[PDB]
Amino acid sequence: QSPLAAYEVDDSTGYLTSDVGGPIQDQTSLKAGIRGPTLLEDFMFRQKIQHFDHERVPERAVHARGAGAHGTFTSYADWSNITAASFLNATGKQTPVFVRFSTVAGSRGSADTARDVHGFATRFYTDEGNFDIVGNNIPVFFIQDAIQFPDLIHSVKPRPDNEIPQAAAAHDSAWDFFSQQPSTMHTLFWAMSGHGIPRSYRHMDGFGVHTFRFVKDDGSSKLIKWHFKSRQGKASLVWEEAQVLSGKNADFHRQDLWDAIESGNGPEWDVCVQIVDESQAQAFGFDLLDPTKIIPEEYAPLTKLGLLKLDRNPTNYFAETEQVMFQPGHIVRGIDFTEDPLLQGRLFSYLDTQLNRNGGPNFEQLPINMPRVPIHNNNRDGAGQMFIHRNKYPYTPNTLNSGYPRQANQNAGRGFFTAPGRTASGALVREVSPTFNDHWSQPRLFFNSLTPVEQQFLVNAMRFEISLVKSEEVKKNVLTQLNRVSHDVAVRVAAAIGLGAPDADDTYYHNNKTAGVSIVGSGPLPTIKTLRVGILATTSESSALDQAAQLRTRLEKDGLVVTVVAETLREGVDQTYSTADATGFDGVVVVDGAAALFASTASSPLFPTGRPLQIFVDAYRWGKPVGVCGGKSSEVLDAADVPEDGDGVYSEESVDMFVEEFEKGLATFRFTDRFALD
Amino acid sequence: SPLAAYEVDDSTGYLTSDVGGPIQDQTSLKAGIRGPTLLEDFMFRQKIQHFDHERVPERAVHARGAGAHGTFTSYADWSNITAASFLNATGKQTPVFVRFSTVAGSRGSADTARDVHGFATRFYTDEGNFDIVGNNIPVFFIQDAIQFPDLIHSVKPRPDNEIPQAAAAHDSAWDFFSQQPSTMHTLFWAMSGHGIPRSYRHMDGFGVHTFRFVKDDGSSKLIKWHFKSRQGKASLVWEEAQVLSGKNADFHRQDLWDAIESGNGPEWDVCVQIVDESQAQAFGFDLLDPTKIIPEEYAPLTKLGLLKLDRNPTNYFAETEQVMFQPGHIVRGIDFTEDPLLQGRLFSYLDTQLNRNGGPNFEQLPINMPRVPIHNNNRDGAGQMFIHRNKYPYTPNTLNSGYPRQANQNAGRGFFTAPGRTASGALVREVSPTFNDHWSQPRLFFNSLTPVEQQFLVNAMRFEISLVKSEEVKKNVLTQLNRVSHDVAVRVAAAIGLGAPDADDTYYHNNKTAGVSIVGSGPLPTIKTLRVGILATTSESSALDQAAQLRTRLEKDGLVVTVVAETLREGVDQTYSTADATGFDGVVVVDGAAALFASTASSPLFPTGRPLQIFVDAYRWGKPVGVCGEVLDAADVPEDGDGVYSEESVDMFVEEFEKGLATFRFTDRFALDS
Amino acid sequence: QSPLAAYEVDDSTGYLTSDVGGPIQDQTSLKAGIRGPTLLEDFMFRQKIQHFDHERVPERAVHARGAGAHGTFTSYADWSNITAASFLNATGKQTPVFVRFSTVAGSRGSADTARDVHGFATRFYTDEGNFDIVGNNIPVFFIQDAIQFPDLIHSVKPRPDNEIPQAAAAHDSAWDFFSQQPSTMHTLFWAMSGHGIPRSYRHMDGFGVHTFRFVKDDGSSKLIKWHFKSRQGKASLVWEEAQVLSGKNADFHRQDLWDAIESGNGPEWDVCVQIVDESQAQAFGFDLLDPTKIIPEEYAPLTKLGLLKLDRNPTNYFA
Ligand code: HDD
Ligand code: HDD
Ligand code: HDD
Ligand SMILES: [Ca+2]
Ligand SMILES: [Ca+2]
Ligand SMILES: [Ca+2]
Ligand SMILES: [Ca+2]
Ligand SMILES: [Ca+2]
């Protein structure tokens with residue numbers, strides 16, 4: 001049973017009714033005569049059409065495009081030695097969760113595979129209240145003060161005269177903002193890396209970004225960072241793949257997640273923290289209140305608290321995924337805020353914005369937002385009020401309700417409490433802390449920590465986007481900021497856009513590196529289960545279908561998702577060449593019985609000219625494992641200009657030997673030697 | 001019940017947020033003990049955001065009202081006249097919720113304004129919710145729903161200064177009545193005692209429109225709904241209503257609440273008039289015209305079942321403020337008619353709930369939910385509380401095996417339009433000439449009132465029209481009233497210093513009809529719940545003894561007794577300072593309190609002359625009054641008076657007084673025109 | 001002409017139109033025959049009734065019952081010696097105002113003459129932005145922390161099972177809260193005095209209640225209290241009179257104000273402050289941050305800043 005089974009409505013049987021249970025029809029209007037006008041007294045028509053007319057709600061102001069699933073969090077230990085948080089207070093303690101992943105800039109119909117920051121928002125339905133960690137797949141944020149959020153978001157969203165371009169920072173306004181607001185450099189470098197185009201929601205991490213506090217029942221506190229570390233491994237698309245995939249399958253990430261859960265491959269993350277003392281706020285060479293900075297893992301290692309597993313898809317997307325209303329204000333005893341001016345302002349935004357989405361104040365009553373423990377408070381009325389409150393004296397202090405509900409605090413009722421060592425001192429100021437002023441060292445730290453091909457991909461992303469900026473003042477200003485992180489980056493980017501990079505400014509240049517931020521560097525994937533193999537076959541040769549069937553059995557044994565492609569559907573063929581694309585596969589195999597489909601003269605009314613070969617070629621050029629199974633590889637590899645001796649290029653007669661080799665190629669995931677370097 | 005499932009108990013436990021996190025809510029989080037409040041105080045903001053958003057728009061009409069739960073019980077299997085499931089078996093019980101209301105006043109306006117009153121009943125039937133959205137007056141002001149904003153704008157406050165509240169006593173309203181002669185019939189009802197009912201329990205309910213009863217063979221008859229009070233018909237007098245407006249704006253809602261808590265839940269016989277389709281234009285008017293009644297002489301009432309209200313709400317806002325009635329809530333066995341007022345209502349009540357609820361899922365509110373399964377392809381919308389398992393919500397489908405199934409006359413107990421219904425003719429914005437007699441039935445109503453009732457109606461018109469500033473509107477009002485009755489126009493004209501126009505006898509007649517008079521409806525069938533004020537004193541132990549003896553003799557018979565004295569103690573319920581004659585249906589002075597009634601009497605504990613003014617007001621307003629055990633001389637009240645009691649004995653005082661409570665009003669105390 | 005003349009719509013001439021300017025009728029529904037059913041294609045009907053169906057907005061959560069007027073504020077001096085405020089920077093400088101007066105507990109159709117605290121909310125449409133002083137006719141408030149406001153208001157508003165009683169603190173819940181929350185005593189005594197039943201909005205004062213700051217252009221600050229002193233005089237009803245007036249004329253205060261303006265007797269207040277140093281926050285025997293306390297005038301006299309005069313009634317109450 002779903003955790004929301006009490007709210008489910010079954011329509012597998014029965015006669016149509018109105019919303020008030022009156023049996024009706026809904027297929028023909030009531031008319032004055034068989035060719036007559038429709039009657040106002042047709043309530044069947046008007047209740048159905050009113051409902052339809054009002055189906056839509058405002059999309060989220062940011063993160064409008066996303067997808068969610070149910071699962072379970074399991075604690076690895078009793079963490080009462082660092083936090084009073086009930087959901088962390090025992091080894092094996094289980095708490096239901098709901099997670100939504102998202103992009104940031106695009107509207108709710110935009111492509112999953114846009115280049116962007118991604119959301120990773122987790123609700124823990126704890127036995128002491130709902131606790132939300134509203135995170136991103138990038139551990140740092142663009143800006144240092146919440147009051148700037150509309151500036152950032154206006155600049156990266158479409159230009160407001162014509163609403164162009166969708167789901168993209170590749171326009172003047174965005175790069176104007178980045179180059180005028182240098183705090184943006186750290187997140188910008190992350191977004192221009194493969195972290196901007198993750199392979200799936202399952203192949204990315206989650207970060208709380210802000211420093212938070214863990215608070216013990218004795219009132220002592222520690223400073224923490226949340227890290228959700230993918231047990232699937234880290235992987236990226238390449239940009240020229242992501243662009244085609246945005247058109248061929250705008251739903252790629254939500255389909256990948258849905259399919260993984262349905263196949264019993266529900267994705268997993270270790271929920272981890274960095275834990276440091278209050279005295280270390282300004283010990284690591286930056287301010288822990290500054291959300292543009294990471295704590296390098298060399299300074300503070302990750303502690304694994306527990307397992308997050310997503311294993312149940314929603315029943316109704318709108319009701320569960322569209323309506324889930326996360327808040328960092330959803331906090332529990334044992335956790336506290338910090339004076340990070342970005343986190344501080346968020347606490348206001350997420351309570352207010354639900355009024356816009358829900359249209360009224362009772363949004364916590366929606367099934368997906370309800371807690372799994374009793375609610376005792378004097379909140380009342382409001383549009384859409386579902387509860388029927390018995391307590392006729394909803395004020396404190398009272399005698400006529402015997403003093404209930406009772407106040408909860410540090411000493412009674414397991415109340416939330418502010419960390420009691422927290423203080424404030426000084427002038428009431430609209431001033432930025434000078435401790436926040438180094439906007440360039442950590443972007444350089446990140447860039448330094450990427451592999452050479454990874455550095456090239458980041459340069460190439462900047463070359464792509466900045467070449468689309470029309471303004472020559474903005475392009476020059478961008479090169480001024482990039483040059484403060486890396487003169488080499490500025491020179492390489494400047495080469496694509498026909499400007500000269502400004503002279504080196506070495507104030508913030510350094511050669512330090514940090515582990516765990518590189519994708520290319522994180523080694524082969526720990527599992528290839530769920531990865532997608534396209535087998536290109538033909539109906540023109542019964543032996544090509546036999547090769548494909550033998551390949552399927554052997555690949556499916558290992559938990560790969562196999563698609564057999566041919567000219568037309570039949571038993572054992574999943575997909576036509578017409579609907580197939582290399583963006584649909586993590587590796588491509590041609591059965592040598594189909595080699596004739598790869599000829600330059602090959603033509604069919606059943607698929608676009610050159611489609612079989614284009615699938616193989618795109619897969620090779622995008623770095624995927626590719627091969628020909630059966631022993632006759634020359635005709636295909638030569639048509640594709642693919643060298644038989646290439647890394648991640650497989651040619652074997654033996655199906656078993658083909659699959660053993662090819663499976664190592666899928667774990668490698670990308671063959672980076674196929675990309676040119678400056 | 002959807003209601004039982006959503007009840008929230010806060011009789012124990014620690015305070016939590018709406019997401020179950022234990023919190024406090026009495027002190028703001030601050031930067032130091034004398035410091036500014038922090039934005040990160042989520043406890044503060046969630047509490048104050050909820051408070052800031054508590055209010056919803058009041059209803060566009062009938063904003064002021066009160067509701068209760070109960071049961072409807074069928075007297076029979078009515079299959080012979082309707083397919084309606086709630087009427088298909090002797091003793092069949094259906095839960096109900098009723099809301100009673102005024103019309104013009106906003107949410108906080110007085111119950112005892114002079115107005116039309118709502119009487120809206122939801123039957124939570126086993127074939128869907130069925131609402132009869134009625135009033136206490138059987139005819140409506142206008143003949144086409146498109147005119148409703150014109151009527152309501154005219155009766156509601158003038159829109160430059162929003163004056164006056166809950167009152168038709170202003171130029172705009174009487175401008176409308178005089179220019180729109182269809183208004184005359186309801187205007188005469190509202191100017192009668194029906195404008196100021198004694199309680200919701202002492203008025204009837206009417207569907208107003210002709211509806212149809214439709215059998216499972218497809219045949220139809222025309223019907224009128226009448227809910228006939230078992231408590232009897234009773235009114236206030238106008239002065240009393242005005243004082244009550246100030247002393248207790250909650251009088252009708254308190255009366256209803258208290259009757260239910262005391263086990264005196266009000267009852268009505270749910271009745272219909274039934275006539276054949278061929279009789280639509282047989283009674284001298286059009287049954288599509290909502291300004292006309294069928295005289296009971298032409299079509300008697302058939303009793304279908306018992307409506308009883310016997311449980312108060314748990315949360316007023318969630319149940320009473322949020323109940324969203326609709327004539328569109330119809331069930332198989334009932335159909336509409338081509339009454340142009342009913343026709344347009346059907347649109348209004350679906351649309352307006354979007355304004356009140358702020359989103360389209362208002363039928364999901366517990367008070368709006370049915371008591372049977374919902375099966376349909378309505379989806380999404382703000383505030384969606386369901387999780388629909390059918391992922392193919394379209395018809396026709398194969399992917400959900402063709403469910404839900406279409407319901408119609410043949411199968412699934414579908415609603416169906418009466419299959420004898422037709423339309424013929426041009427597409428017109430034309431009024432039927434059959435609707436054009438605006439004056440005969442107002443005169444029938446006026447003729448059917450007793451002489452003192454006719455005087456009260458003339459005096460209500462004298463009161464309101466005298467407050468009309470425009471001499472031209474007042475003349476136009478007399479022109480219209482004169483077409484109903486020259487005598488009424490002459491008597492009204494005398495109060496405002498104008499001459500009545502010459503008699504215009506076109507619509508004059510001397511016909512009468514039973515069952516519309518209050519004064520004529522005879523003694524109340526029960527005195528239970530009626531209020532007796534016993535005026536006593538703490539001075540004399542004999543006065544308190546006398547009051548306690550009367551108390552036991554009257555409470556025996558189900559009377560709500562208030563003993564009044566200078567100060568509270570054991571046996572005294574109320575001080576003279578808080579007491580008023582509008583609080584009582586009868587007033588008894590114990591002779592031991594004689595000293596309080598002298599003109600010389602004064603106290604810092606109550607206003608000068610309060611005890612005598614309660615007795616004198618009760619007398620002037622027609623109520624049974626008496627002394628048990630000087631007082632009558634002070635009050636200038638004659639001992640021989642009808643409804644004036646003077647007994648040394650408590651037993652014989654009471655036996656006599658209780659006959660007076662049943663009589664209810666002594667109308668010989670009101671002056672008549674010569 | 002009104003300060004809002006640019007937004008006015010004249011209907012003293014012309015033919016009925018839809019909201020998009022199409023001439024129409026609005027007195028008979030379109031029907032399939034003269035005794036027929038109403039047609040869905042009747043857009044004249046639906047646009048008109050849709051508008052009607054959606055006329056209402058939520059009443060204010062408190063102070064739902066009230067009435068307003070336009071007028072003018074005129075500064076008596078250049079107050080740059082104590083504040084940078086532009087509306088106070090020159091003798092004779094005029095700023096348009098709008099004021100709304102109100103009760104607190106009653107819903108928008110409740111009687112003006114209920115016993116209650118009253119609102120006095122003033123907008124100054126200044127040449128450096130709108131400045132509102134949202135005050136009451138009593139200088140002290142029931143509670144010392146905004147987080148308690150729903151507690152106070154739930155207790156004073158009708159009991160939530162039956163919504164009784166209207167516009168009145170005369171019920172168990174209110175006196176339960178007063179007796180358990182002793183901060184309430186000062187405002188309670190004011191509300192139980194004639195200040196709870198003023199003769200008119202014109203015969204009551206306005207108070208900011210809180211200590212605010214006046215800030216000079218040089219950055220220095222002083223602590224102030226706002227006091228709007230009635231030029232009409234202070235006057236009350238007696239309680240028995242108020243109870244009868246509630247029934248005989250629920251609109252008494254709004255009519256009194258409307259009529260005073262139409263007769264050329266637009267009400268006036270001297271807009272005054274008490275001015276004390278920051279060092280005097282705890283000097284008077286109580287804390288100036290505590291909204292349950294007044295500064296006795298014997299400790300800090302009133303300085304007259306300017307004249308507030310209300311002299312124009314609204315054109316559309318709702319708008
Ligand atoms: C001051 C405003 C502001 C700031 C500074 C941020 N956000 Fe935010 N965010 C919002 C204002 C907001 C919002 C407008 O309140 C949204 C839109 C929908 C919602 O519920 O909240 C939101 C949505 C939103 C979602 C989507 C949740 C879901 O799937 O429904 C995620 C994952 C984040 N944000 C994450 C972040 C992170 C990791 C930030 C910086 C560390 C951040 N936001 C800063
Ligand atoms: C064309 C519009 C229109 C017309 C002609 C009428 N009404 Fe109506 N009425 C409404 C439009 C409306 C409304 C605006 O839709 C309301 C306000 C709140 C609601 O639910 O519906 C309403 C409320 C309302 C209520 C209050 C229900 C409750 O307690 O919540 C009652 C009892 C009635 N009406 C009764 C009548 C009767 C007996 C009428 C004539 C026979 C009538 N109305 C004509
Ligand atoms: C924490 C909430 C809160 C607190 C502590 C107060 N109020 Fe308030 N008040 C509101 C929350 C509110 C509100 C809910 O926000 C209202 C309802 C309508 C509106 O615009 O604001 C309001 C309305 C309102 C109005 C009506 C304005 C109008 O005519 O439209 C006045 C005069 C006051 N208040 C005056 C005060 C005074 C003098 C207070 C104490 C010194 C006070 N309020 C405390
Ligand atoms: Ca742009
Ligand atoms: Ca990469
Ligand atoms: Ca008027
Ligand atoms: Ca109470
Ligand atoms: Ca006084």
# chains A, B, ... in the order shown; residues from 1 in each chain; ligands from 1
>>> residues_near_ligand(ligand="ligand 8", cutoff="12 Å", atoms="only C-alpha atoms and all ligand atoms", output="ChimeraX atom specification")
/C:190-199,234-242
>>> residues_near_ligand(ligand="ligand 5", cutoff="7 Å", atoms="only C-alpha atoms and all ligand atoms", output="number ranges by chain")
A: 193-194, 236-238, 454, 457, 519-520
>>> interface_residues(of="chain C", to="chain A", cutoff="8 Å", atoms="only C-alpha atoms", output="compact mmCIF listing (two decimals) with N, CA and C atoms, in the first residue's frame")
# COMPACT_ATOMS: atom_id res chain seq x y z
N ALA C 32 -35.09 29.29 -25.85
CA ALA C 32 -35.60 28.49 -26.98
C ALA C 32 -37.13 28.55 -26.94
N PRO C 37 -36.46 27.04 -22.34
CA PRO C 37 -35.28 27.03 -21.48
C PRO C 37 -34.25 28.06 -21.96
N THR C 38 -33.44 28.53 -21.01
CA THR C 38 -32.37 29.50 -21.27
C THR C 38 -31.18 28.86 -21.99
N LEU C 39 -30.63 29.57 -22.96
CA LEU C 39 -29.52 29.06 -23.80
C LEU C 39 -28.14 29.34 -23.20
N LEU C 40 -27.29 28.33 -23.28
CA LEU C 40 -25.86 28.46 -22.91
C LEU C 40 -25.17 29.55 -23.73
N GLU C 41 -25.61 29.81 -24.96
CA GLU C 41 -24.96 30.81 -25.84
C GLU C 41 -25.31 32.23 -25.38
N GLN C 148 1.04 36.66 19.58
CA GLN C 148 -0.19 36.37 20.37
C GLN C 148 -1.45 36.93 19.71
N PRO C 150 -3.38 36.15 17.10
CA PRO C 150 -4.49 35.25 16.84
C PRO C 150 -5.18 34.74 18.11
N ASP C 151 -4.39 34.65 19.20
CA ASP C 151 -4.95 34.22 20.51
C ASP C 151 -5.95 35.28 20.99
N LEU C 152 -5.50 36.52 21.03
CA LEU C 152 -6.40 37.62 21.43
C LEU C 152 -7.63 37.62 20.52
N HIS C 154 -9.02 35.38 18.37
CA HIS C 154 -9.89 34.17 18.47
C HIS C 154 -10.73 34.33 19.73
N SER C 155 -10.11 34.80 20.80
CA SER C 155 -10.84 34.88 22.10
C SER C 155 -11.96 35.91 22.09
N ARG C 159 -17.61 32.56 19.45
CA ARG C 159 -17.18 31.18 19.74
C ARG C 159 -17.35 30.35 18.47
N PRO C 160 -16.31 29.56 18.12
CA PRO C 160 -16.22 28.98 16.77
C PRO C 160 -17.07 27.76 16.49
N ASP C 161 -17.81 27.24 17.45
CA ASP C 161 -18.80 26.18 17.14
C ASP C 161 -20.07 26.78 16.53
N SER C 173 -14.97 33.23 26.45
CA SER C 173 -13.60 33.09 25.88
C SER C 173 -12.81 34.39 26.06
N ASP C 176 -11.83 34.86 29.63
CA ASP C 176 -10.84 33.81 29.94
C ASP C 176 -9.46 34.34 29.51
N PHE C 177 -9.35 34.85 28.28
CA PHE C 177 -8.06 35.34 27.77
C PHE C 177 -7.61 36.57 28.57
N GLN C 180 -6.25 35.44 31.94
CA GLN C 180 -5.04 34.60 31.89
C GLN C 180 -3.85 35.38 31.33
N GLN C 181 -4.10 36.48 30.61
CA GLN C 181 -3.06 37.28 29.95
C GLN C 181 -3.13 38.68 30.51
>>> select_by_dssp(residues="range 14-188 of chain C", states="strand (DSSP E)", output="JSON, numbers by chain")
{"C": [31, 32, 66, 67, 68, 69, 70, 71, 72, 73, 74, 75, 94, 95, 96, 97, 98, 99, 100, 101, 102, 119, 120, 121, 122, 123, 124, 125, 126, 129, 130, 131, 132, 133, 134, 135, 136]}
>>> residues_around(residues="residue 127 in chain C", least_positions_apart="6", cutoff="10 Å", atoms="only C-alpha atoms", output="list in words")
residues 85, 86, 87, 94, 95 and 96 of chain C
>>> write_last_selection(atoms="N, CA and C atoms", output="compact mmCIF listing (two decimals), in the first residue's frame")
# COMPACT_ATOMS: atom_id res chain seq x y z
N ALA C 85 11.67 63.36 7.02
CA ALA C 85 10.43 63.07 6.28
C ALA C 85 10.01 64.25 5.38
N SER C 86 9.86 63.99 4.09
CA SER C 86 9.61 65.04 3.09
C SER C 86 8.25 65.68 3.32
N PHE C 87 7.23 64.93 3.72
CA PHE C 87 5.89 65.49 3.93
C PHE C 87 5.87 66.48 5.10
N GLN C 94 1.43 70.52 1.70
CA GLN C 94 0.20 69.72 1.71
C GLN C 94 0.44 68.37 1.06
N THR C 95 -0.16 67.35 1.67
CA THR C 95 -0.08 65.98 1.17
C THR C 95 -1.50 65.41 1.18
N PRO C 96 -1.96 64.77 0.09
CA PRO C 96 -3.27 64.09 0.17
C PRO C 96 -3.25 62.94 1.18
>>> select_by_dssp(residues="range 379-576 of chain A", states="alpha helix (DSSP H)", output="VMD selection string")
chain A and resid 441 to 448 452 to 467 472 to 485 487 to 497 542 to 557
>>> residues_near_ligand(ligand="ligand 6", cutoff="9 Å", atoms="only C-alpha atoms and all ligand atoms", output="PDB file with N, CA and C atoms, in the first residue's frame")
ATOM      1  N   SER B 154     -29.985  47.043  -5.813  1.00  0.00           N
ATOM      2  CA  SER B 154     -30.952  48.077  -5.318  1.00  0.00           C
ATOM      3  C   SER B 154     -31.241  47.931  -3.832  1.00  0.00           C
ATOM      4  N   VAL B 155     -31.250  46.710  -3.305  1.00  0.00           N
ATOM      5  CA  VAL B 155     -31.656  46.462  -1.894  1.00  0.00           C
ATOM      6  C   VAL B 155     -30.450  46.583  -0.960  1.00  0.00           C
ATOM      7  N   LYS B 156     -29.272  46.199  -1.444  1.00  0.00           N
ATOM      8  CA  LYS B 156     -28.013  46.339  -0.689  1.00  0.00           C
ATOM      9  C   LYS B 156     -27.674  47.813  -0.549  1.00  0.00           C
ATOM     10  N   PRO B 157     -26.701  48.144   0.302  1.00  0.00           N
ATOM     11  CA  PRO B 157     -26.408  49.541   0.629  1.00  0.00           C
ATOM     12  C   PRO B 157     -26.018  50.372  -0.588  1.00  0.00           C
ATOM     13  N   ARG B 158     -26.308  51.663  -0.525  1.00  0.00           N
ATOM     14  CA  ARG B 158     -25.954  52.578  -1.621  1.00  0.00           C
ATOM     15  C   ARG B 158     -24.430  52.517  -1.804  1.00  0.00           C
ATOM     16  N   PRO B 159     -23.921  52.362  -3.045  1.00  0.00           N
ATOM     17  CA  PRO B 159     -22.516  51.971  -3.199  1.00  0.00           C
ATOM     18  C   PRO B 159     -21.470  53.082  -3.110  1.00  0.00           C
ATOM     19  N   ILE B 163     -24.341  52.579   2.839  1.00  0.00           N
ATOM     20  CA  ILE B 163     -25.446  52.791   3.800  1.00  0.00           C
ATOM     21  C   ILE B 163     -26.723  52.562   3.041  1.00  0.00           C
ATOM     22  N   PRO B 164     -27.751  51.895   3.564  1.00  0.00           N
ATOM     23  CA  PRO B 164     -27.822  51.303   4.902  1.00  0.00           C
ATOM     24  C   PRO B 164     -27.720  49.789   4.919  1.00  0.00           C
ATOM     25  N   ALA B 168     -34.191  47.347   3.365  1.00  0.00           N
ATOM     26  CA  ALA B 168     -34.760  47.889   2.120  1.00  0.00           C
ATOM     27  C   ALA B 168     -35.207  49.347   2.303  1.00  0.00           C
ATOM     28  N   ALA B 169     -35.022  49.964   3.469  1.00  0.00           N
ATOM     29  CA  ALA B 169     -35.565  51.309   3.801  1.00  0.00           C
ATOM     30  C   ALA B 169     -34.649  52.403   3.245  1.00  0.00           C
ATOM     31  N   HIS B 170     -34.523  52.480   1.913  1.00  0.00           N
ATOM     32  CA  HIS B 170     -33.710  53.491   1.217  1.00  0.00           C
ATOM     33  C   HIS B 170     -34.207  53.642  -0.202  1.00  0.00           C
ATOM     34  N   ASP B 171     -33.923  54.807  -0.769  1.00  0.00           N
ATOM     35  CA  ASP B 171     -34.426  55.212  -2.084  1.00  0.00           C
ATOM     36  C   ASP B 171     -34.211  54.136  -3.160  1.00  0.00           C
ATOM     37  N   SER B 172     -33.001  53.576  -3.256  1.00  0.00           N
ATOM     38  CA  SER B 172     -32.689  52.700  -4.407  1.00  0.00           C
ATOM     39  C   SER B 172     -33.649  51.500  -4.426  1.00  0.00           C
ATOM     40  N   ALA B 173     -33.909  50.902  -3.263  1.00  0.00           N
ATOM     41  CA  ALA B 173     -34.717  49.678  -3.200  1.00  0.00           C
ATOM     42  C   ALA B 173     -36.132  49.978  -3.675  1.00  0.00           C
ATOM     43  N   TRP B 174     -36.711  51.039  -3.122  1.00  0.00           N
ATOM     44  CA  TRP B 174     -38.095  51.432  -3.468  1.00  0.00           C
ATOM     45  C   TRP B 174     -38.150  51.957  -4.912  1.00  0.00           C
ATOM     46  N   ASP B 175     -37.079  52.553  -5.424  1.00  0.00           N
ATOM     47  CA  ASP B 175     -36.979  52.888  -6.868  1.00  0.00           C
ATOM     48  C   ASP B 175     -37.180  51.605  -7.680  1.00  0.00           C
ATOM     49  N   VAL B 468     -37.601  57.190   2.486  1.00  0.00           N
ATOM     50  CA  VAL B 468     -37.210  57.470   1.074  1.00  0.00           C
ATOM     51  C   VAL B 468     -37.104  58.986   0.904  1.00  0.00           C
ATOM     52  N   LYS B 469     -35.958  59.496   0.473  1.00  0.00           N
ATOM     53  CA  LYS B 469     -35.759  60.964   0.378  1.00  0.00           C
ATOM     54  C   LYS B 469     -36.436  61.529  -0.865  1.00  0.00           C
TER      55      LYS B 469
END
>>> closest_atom_pairs(of="chain A", to="ligand 4", cutoff="6 Å", atoms="only C-alpha atoms and all ligand atoms", output="CSV")
residue,atom,partner,partner_atom_place_in_ligand_line,distance
A:159,CA,ligand 4,1 (Ca),4.8
A:171,CA,ligand 4,1 (Ca),4.6
A:172,CA,ligand 4,1 (Ca),4.2
A:173,CA,ligand 4,1 (Ca),4.0
>>> closest_residue(among="B:246, B:95, B:370, B:197", to="chain A", atoms="only C-alpha atoms")
B:370
>>> interface_residues(of="chain B", to="chain C", cutoff="6 Å", atoms="only C-alpha atoms", output="number ranges by chain")
B: 26, 44, 55-57, 106-109, 146-147, 159-161, 242-243, 245-247, 314-316, 338, 352, 355, 423-429, 432
>>> residues_near_ligand(ligand="ligand 2", cutoff="8 Å", atoms="only C-alpha atoms and all ligand atoms", output="MDAnalysis selection string")
(chainID B and resid 58:63 65:67 98:101 103 117:120 133:135 138:140 142 144:149 206:209 290 320:321 323:326 341:342 344:353) or (chainID C and resid 49 52:53)
>>> closest_residue(among="B:647, B:276, B:642, B:269", to="residue 628 in chain B", atoms="only C-alpha atoms")
B:647
>>> atom_distance(atom1="CA of residue 202 in chain A", atom2="CA of residue 232 in chain A")
6.3 Å
>>> residues_near_ligand(ligand="ligand 3", cutoff="7 Å", atoms="only C-alpha atoms and all ligand atoms", output="PyMOL selection string")
(chain B and resi 48+52) or (chain C and resi 60-63+66+100-102+119-121+134-136+140-141+145-147+149+208-210+291)
>>> residues_around(residues="range 48-53 of chain A", least_positions_apart="6", cutoff="8 Å", atoms="only C-alpha atoms", output="list in words")
residues 26 of chain A; 360, 378, 379 and 381 of chain B
